[PDB]
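The next block is protein01.pdb, given as PDB, C-alpha atoms and all ligand atoms.
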ATOM      1  CA  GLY A   1      15.039  17.660  -2.131  1.00  0.00           C
ATOM      2  CA  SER A   2      11.792  15.695  -2.042  1.00  0.00           C
ATOM      3  CA  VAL A   3       9.890  14.032   0.800  1.00  0.00           C
ATOM      4  CA  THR A   4       7.785  11.922  -1.564  1.00  0.00           C
ATOM      5  CA  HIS A   5       7.982   8.169  -0.978  1.00  0.00           C
ATOM      6  CA  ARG A   6       7.879   5.860  -4.001  1.00  0.00           C
ATOM      7  CA  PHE A   7       5.273   3.115  -3.986  1.00  0.00           C
ATOM      8  CA  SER A   8       5.530  -0.286  -5.692  1.00  0.00           C
ATOM      9  CA  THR A   9       3.082  -2.918  -6.956  1.00  0.00           C
ATOM     10  CA  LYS A  10       2.608  -6.378  -5.469  1.00  0.00           C
ATOM     11  CA  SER A  11      -0.001  -9.132  -5.740  1.00  0.00           C
ATOM     12  CA  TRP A  12       0.891 -12.451  -4.102  1.00  0.00           C
ATOM     13  CA  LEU A  13      -2.420 -14.336  -4.005  1.00  0.00           C
ATOM     14  CA  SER A  14      -3.814 -14.659  -0.481  1.00  0.00           C
ATOM     15  CA  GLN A  15      -3.033 -11.042   0.398  1.00  0.00           C
ATOM     16  CA  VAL A  16      -5.657  -8.503   1.463  1.00  0.00           C
ATOM     17  CA  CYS A  17      -5.595  -4.695   1.399  1.00  0.00           C
ATOM     18  CA  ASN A  18      -4.322  -3.183   4.662  1.00  0.00           C
ATOM     19  CA  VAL A  19      -6.943  -0.436   4.470  1.00  0.00           C
ATOM     20  CA  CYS A  20     -10.395  -1.544   3.306  1.00  0.00           C
ATOM     21  CA  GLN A  21      -9.532  -5.259   3.559  1.00  0.00           C
ATOM     22  CA  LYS A  22     -11.657  -7.046   0.953  1.00  0.00           C
ATOM     23  CA  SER A  23     -11.669  -9.976  -1.477  1.00  0.00           C
ATOM     24  CA  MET A  24      -8.740  -9.045  -3.724  1.00  0.00           C
ATOM     25  CA  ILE A  25      -4.987  -8.839  -4.053  1.00  0.00           C
ATOM     26  CA  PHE A  26      -3.778  -5.356  -4.259  1.00  0.00           C
ATOM     27  CA  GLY A  27      -0.782  -4.004  -2.384  1.00  0.00           C
ATOM     28  CA  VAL A  28       1.586  -1.056  -2.436  1.00  0.00           C
ATOM     29  CA  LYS A  29       4.941  -0.778  -0.681  1.00  0.00           C
ATOM     30  CA  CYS A  30       5.953   2.607   0.698  1.00  0.00           C
ATOM     31  CA  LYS A  31       9.570   3.189   1.552  1.00  0.00           C
ATOM     32  CA  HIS A  32      10.961   5.485   4.190  1.00  0.00           C
ATOM     33  CA  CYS A  33       8.239   4.078   6.478  1.00  0.00           C
ATOM     34  CA  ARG A  34       7.484   0.594   5.106  1.00  0.00           C
ATOM     35  CA  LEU A  35       3.717   0.156   4.727  1.00  0.00           C
ATOM     36  CA  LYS A  36       1.208  -1.840   2.670  1.00  0.00           C
ATOM     37  CA  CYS A  37      -1.998  -0.583   1.047  1.00  0.00           C
ATOM     38  CA  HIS A  38      -4.305  -1.174  -1.935  1.00  0.00           C
ATOM     39  CA  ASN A  39      -3.184  -0.162  -5.433  1.00  0.00           C
ATOM     40  CA  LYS A  40      -4.046   3.307  -4.144  1.00  0.00           C
ATOM     41  CA  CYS A  41      -6.905   3.553  -1.626  1.00  0.00           C
ATOM     42  CA  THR A  42      -5.364   6.916  -0.726  1.00  0.00           C
ATOM     43  CA  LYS A  43      -8.838   8.121   0.243  1.00  0.00           C
ATOM     44  CA  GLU A  44      -8.878   5.462   2.967  1.00  0.00           C
ATOM     45  CA  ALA A  45      -5.224   4.856   3.846  1.00  0.00           C
ATOM     46  CA  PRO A  46      -3.549   7.506   6.064  1.00  0.00           C
ATOM     47  CA  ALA A  47      -0.522   9.673   5.283  1.00  0.00           C
ATOM     48  CA  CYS A  48       2.900   8.035   5.022  1.00  0.00           C
ATOM     49  CA  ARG A  49       4.542   9.082   8.290  1.00  0.00           C
TER      50      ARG A  49
HETATM   51 ZN    ZN A 101      -8.208  -0.831   0.108  1.00  0.00          ZN
HETATM   52 ZN    ZN A 102       6.460   6.013   3.242  1.00  0.00          ZN
END
Could you express the structure from this file as structure tokens?
Amino acid sequence: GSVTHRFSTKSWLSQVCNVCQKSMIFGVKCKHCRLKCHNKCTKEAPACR
């Protein structure tokens, strides 16, 4: 079928990117593995195991 995980958007308030970690509120939820990362930051964040 497809091994592509679907990401979602989230922005609480006091949350920080789990990749570059900076002043902002950007987060993405990856299923199959369950991870959090900037709106994208794919260049920094690793590959969804
Ligand atoms: Zn980031
Ligand atoms: Zn995943």
Quiz prompt | Interatomic distance (Å, one decimal) between atom CA of residue A:37 and atom CA of residue A:7 | solution =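 Rounded to one decimal, the two atoms are 9.6 Å apart.
All residues that come within 6 Å of the coordinates (2.9, 4.3, -4.4), counting only C-alpha atoms, are given as residues 6, 7, 8 and 28 of chain A.
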Quiz item: Which residues match the PyMOL selection byres (((chain A and resi 30-34) around 6) and not hetatm) in the file above, as a ChimeraX atom specification?
Solution: /A:5,7,29,35
Quiz item: For this file, the PyMOL selection byres (((chain A and resi 13) around 12) and not hetatm) selects which residues, as a list in words?
Solution: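 Applying the PyMOL selection byres (((chain A and resi 13) around 12) and not hetatm) to the structure shown produces residues 10, 11, 12, 14, 15, 16, 17, 23, 24, 25, 26 and 27 of chain A.
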Same residues, C-alpha atoms, output as an mmCIF file, in the coordinates of the input:
data_model
loop_
_atom_site.group_PDB
_atom_site.id
_atom_site.type_symbol
_atom_site.label_atom_id
_atom_site.label_comp_id
_atom_site.auth_asym_id
_atom_site.auth_seq_id
_atom_site.Cartn_x
_atom_site.Cartn_y
_atom_site.Cartn_z
ATOM 1 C CA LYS A 10 2.608 -6.378 -5.469
ATOM 2 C CA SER A 11 -0.001 -9.132 -5.740
ATOM 3 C CA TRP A 12 0.891 -12.451 -4.102
ATOM 4 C CA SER A 14 -3.814 -14.659 -0.481
ATOM 5 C CA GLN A 15 -3.033 -11.042 0.398
ATOM 6 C CA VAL A 16 -5.657 -8.503 1.463
ATOM 7 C CA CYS A 17 -5.595 -4.695 1.399
ATOM 8 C CA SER A 23 -11.669 -9.976 -1.477
ATOM 9 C CA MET A 24 -8.740 -9.045 -3.724
ATOM 10 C CA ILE A 25 -4.987 -8.839 -4.053
ATOM 11 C CA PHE A 26 -3.778 -5.356 -4.259
ATOM 12 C CA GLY A 27 -0.782 -4.004 -2.384
#
Quiz item: Please, what distance in Å, to one decimal, runs between atom ZN of ligand ZN 101 (chain A) and atom CA of residue A:4?
Solution: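 Those two atoms sit 20.5 Å apart.
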Practice problem: Please check which protein, DNA or RNA residues sit within 7 Å of ligand ZN 101 (chain A), counting only C-alpha atoms and all ligand atoms, and write them as a list in words. | Solution: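 The residues within 7 Å of ligand ZN 101 (chain A), counting only C-alpha atoms and all ligand atoms, are residues 17, 18, 19, 20, 21, 37, 38, 41 and 44 of chain A.
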Please put the answer as JSON: centre and edge lengths, in Å with one decimal, of a box along x, y and z that encloses all listed atoms of stretch 29-42 of chain A plus 3 Å on each side.
{"center_x": 2.0, "center_y": 2.5, "center_z": 0.5, "size_x": 23.9, "size_y": 14.8, "size_z": 17.9}
Provide stretch 9-32 of chain A rebuilt to N, CA and C atoms, formatted as a PDB file, in the frame of the given file.
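Output contents, as saved in result.pdb:
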ATOM      1  N   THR A   9       4.235  -2.038  -6.780  1.00  0.00           N
ATOM      2  CA  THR A   9       3.082  -2.918  -6.956  1.00  0.00           C
ATOM      3  C   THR A   9       3.412  -4.355  -6.567  1.00  0.00           C
ATOM      4  N   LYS A  10       2.458  -4.999  -5.908  1.00  0.00           N
ATOM      5  CA  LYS A  10       2.608  -6.378  -5.469  1.00  0.00           C
ATOM      6  C   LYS A  10       1.247  -7.068  -5.429  1.00  0.00           C
ATOM      7  N   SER A  11       1.234  -8.359  -5.740  1.00  0.00           N
ATOM      8  CA  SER A  11      -0.001  -9.132  -5.740  1.00  0.00           C
ATOM      9  C   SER A  11       0.295 -10.623  -5.597  1.00  0.00           C
ATOM     10  N   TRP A  12       0.584 -11.049  -4.372  1.00  0.00           N
ATOM     11  CA  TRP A  12       0.891 -12.451  -4.102  1.00  0.00           C
ATOM     12  C   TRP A  12      -0.254 -13.359  -4.546  1.00  0.00           C
ATOM     13  N   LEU A  13      -1.269 -13.495  -3.695  1.00  0.00           N
ATOM     14  CA  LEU A  13      -2.420 -14.336  -4.005  1.00  0.00           C
ATOM     15  C   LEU A  13      -3.428 -14.321  -2.860  1.00  0.00           C
ATOM     16  N   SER A  14      -2.955 -14.637  -1.659  1.00  0.00           N
ATOM     17  CA  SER A  14      -3.814 -14.659  -0.481  1.00  0.00           C
ATOM     18  C   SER A  14      -3.610 -13.406   0.365  1.00  0.00           C
ATOM     19  N   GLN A  15      -3.258 -12.305  -0.293  1.00  0.00           N
ATOM     20  CA  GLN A  15      -3.033 -11.042   0.398  1.00  0.00           C
ATOM     21  C   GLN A  15      -4.275 -10.159   0.336  1.00  0.00           C
ATOM     22  N   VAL A  16      -4.503  -9.391   1.396  1.00  0.00           N
ATOM     23  CA  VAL A  16      -5.657  -8.503   1.463  1.00  0.00           C
ATOM     24  C   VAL A  16      -5.235  -7.077   1.802  1.00  0.00           C
ATOM     25  N   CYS A  17      -5.892  -6.108   1.173  1.00  0.00           N
ATOM     26  CA  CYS A  17      -5.595  -4.695   1.399  1.00  0.00           C
ATOM     27  C   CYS A  17      -5.497  -4.385   2.892  1.00  0.00           C
ATOM     28  N   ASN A  18      -4.519  -3.558   3.263  1.00  0.00           N
ATOM     29  CA  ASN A  18      -4.322  -3.183   4.662  1.00  0.00           C
ATOM     30  C   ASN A  18      -5.077  -1.901   5.001  1.00  0.00           C
ATOM     31  N   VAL A  19      -6.135  -1.629   4.252  1.00  0.00           N
ATOM     32  CA  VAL A  19      -6.943  -0.436   4.470  1.00  0.00           C
ATOM     33  C   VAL A  19      -8.427  -0.788   4.527  1.00  0.00           C
ATOM     34  N   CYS A  20      -8.985  -1.173   3.384  1.00  0.00           N
ATOM     35  CA  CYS A  20     -10.395  -1.544   3.306  1.00  0.00           C
ATOM     36  C   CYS A  20     -10.583  -3.042   3.538  1.00  0.00           C
ATOM     37  N   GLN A  21      -9.501  -3.808   3.371  1.00  0.00           N
ATOM     38  CA  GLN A  21      -9.532  -5.259   3.559  1.00  0.00           C
ATOM     39  C   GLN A  21     -10.759  -5.889   2.899  1.00  0.00           C
ATOM     40  N   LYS A  22     -10.570  -6.411   1.691  1.00  0.00           N
ATOM     41  CA  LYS A  22     -11.657  -7.046   0.953  1.00  0.00           C
ATOM     42  C   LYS A  22     -11.127  -8.155   0.049  1.00  0.00           C
ATOM     43  N   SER A  23     -12.041  -8.885  -0.582  1.00  0.00           N
ATOM     44  CA  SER A  23     -11.669  -9.976  -1.477  1.00  0.00           C
ATOM     45  C   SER A  23     -10.912  -9.449  -2.692  1.00  0.00           C
ATOM     46  N   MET A  24      -9.587  -9.516  -2.632  1.00  0.00           N
ATOM     47  CA  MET A  24      -8.740  -9.045  -3.724  1.00  0.00           C
ATOM     48  C   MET A  24      -7.267  -9.193  -3.366  1.00  0.00           C
ATOM     49  N   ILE A  25      -6.392  -8.825  -4.294  1.00  0.00           N
ATOM     50  CA  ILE A  25      -4.987  -8.839  -4.053  1.00  0.00           C
ATOM     51  C   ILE A  25      -4.398  -7.630  -4.713  1.00  0.00           C
ATOM     52  N   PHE A  26      -4.333  -6.651  -3.909  1.00  0.00           N
ATOM     53  CA  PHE A  26      -3.778  -5.356  -4.259  1.00  0.00           C
ATOM     54  C   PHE A  26      -2.914  -4.829  -3.123  1.00  0.00           C
ATOM     55  N   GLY A  27      -1.661  -4.513  -3.417  1.00  0.00           N
ATOM     56  CA  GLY A  27      -0.782  -4.004  -2.384  1.00  0.00           C
ATOM     57  C   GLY A  27       0.235  -3.015  -2.908  1.00  0.00           C
ATOM     58  N   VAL A  28       0.601  -2.058  -2.069  1.00  0.00           N
ATOM     59  CA  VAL A  28       1.586  -1.056  -2.436  1.00  0.00           C
ATOM     60  C   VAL A  28       2.612  -0.912  -1.322  1.00  0.00           C
ATOM     61  N   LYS A  29       3.887  -0.890  -1.680  1.00  0.00           N
ATOM     62  CA  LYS A  29       4.941  -0.778  -0.681  1.00  0.00           C
ATOM     63  C   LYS A  29       5.528   0.626  -0.644  1.00  0.00           C
ATOM     64  N   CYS A  30       5.423   1.267   0.514  1.00  0.00           N
ATOM     65  CA  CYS A  30       5.953   2.607   0.698  1.00  0.00           C
ATOM     66  C   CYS A  30       7.269   2.536   1.458  1.00  0.00           C
ATOM     67  N   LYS A  31       8.303   3.173   0.927  1.00  0.00           N
ATOM     68  CA  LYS A  31       9.570   3.189   1.552  1.00  0.00           C
ATOM     69  C   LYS A  31       9.587   4.270   2.605  1.00  0.00           C
ATOM     70  N   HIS A  32      10.751   4.483   3.146  1.00  0.00           N
ATOM     71  CA  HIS A  32      10.961   5.485   4.190  1.00  0.00           C
ATOM     72  C   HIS A  32      10.213   5.120   5.479  1.00  0.00           C
TER      73      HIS A  32
END
